[PDB]
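The form deposited in one PDB entry is given below as one chain in structure tokens.
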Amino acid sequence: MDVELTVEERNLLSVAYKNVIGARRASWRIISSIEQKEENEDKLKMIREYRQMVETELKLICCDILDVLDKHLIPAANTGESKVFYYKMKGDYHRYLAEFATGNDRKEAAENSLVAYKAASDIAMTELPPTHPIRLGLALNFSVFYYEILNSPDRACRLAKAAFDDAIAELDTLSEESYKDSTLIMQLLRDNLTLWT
């Protein structure tokens, strides 16, 4: 029940699946904006029928991806890089589940997201340099989880600033051909900080 992916294979699969999931997420946000405006007989119904139609698909994907993470990918992870990668993916997809879940489900997902993120963190801080793109993307998505889901701008800004400063510290001792990657995630973290503040 085990599968090992090269960095390229898992990167390409991640790009494909998150392209699909981002399409669905943006569609859901737009349908929600339409619902809110019309709410403020038959149209709204259909609108809801589309929103319920979106939410389902999204779920079916996210759930189906998390299964493959749990039943297959996460157990079969040797390198710490891949471990942090798969735990961040678990946290990200639980975050997407929480983004539209209602009731205690929104609670559920949220928990399973944090437990995932923390997990990756507990590896990253002891297995990956602060300059590593996996670790920086983990910190960025984790601070996003803090700000948008758990509604904690304080912890979010703390995590973002910590990651950015540790990166910018270890930056001087870093090859250019291995720092051009970290550049973009570091700048995204900086932009997110300037916005939140």
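For every residue, the number given is its place in the sequence shown, counted from 1. Only residues modelled in both forms are compared. In this text, rigid core is short for the largest set of C-alphas that superpose within 1.5 Å between two forms.
According to the deposited model, is the average Cα temperature factor higher in 168 to 176 or in 52 to 60? The stretch with the larger average C-alpha B-factor is 168 to 176.
Would you mind comparing 43 to 51 and 24 to 32 for me and telling me which has the higher average C-alpha temperature factor in the entry? Comparing 43 to 51 with 24 to 32, the higher mean C-alpha B-factor belongs to 43 to 51.
Which third of the chain does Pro129 land in by C-alpha B-factor: lowest, middle or highest? For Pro129, the deposited C-alpha B-factor lands in the middle third.
Ranked against its chain, the third holding the CA B-factor of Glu8: Bottom third by C-alpha B-factor.
Select lowest, middle or highest to describe the third in which the CA B-factor of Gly103 falls within its chain in this entry. Ranked within chain, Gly103 CA B lands in the highest tercile.
What third of the chain, by the recorded C-alpha B-factor, contains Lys161? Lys161: CA B-factor falls in the middle third of its chain.
Cα B factor band for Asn78 (lowest, middle or highest third within the chain): CA B-factor rank for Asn78: highest third.
Beyond what is shown, the protein has a form deposited in another entry; the following relates to that form.
Listing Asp165, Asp154, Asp64, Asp172 as candidates, which single one shows a C-alpha movement of 2 Å or greater between the shown form and the other one when the core is held fixed? Looking at each option in turn, only one qualifies, and it is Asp172.
Stretches between the shown form and the other one where the CA atoms of at least 3 consecutive shared residues shift 2 Å or more, core fixed: Runs moving 2 Å or more: 1 to 4, 172 to 181.
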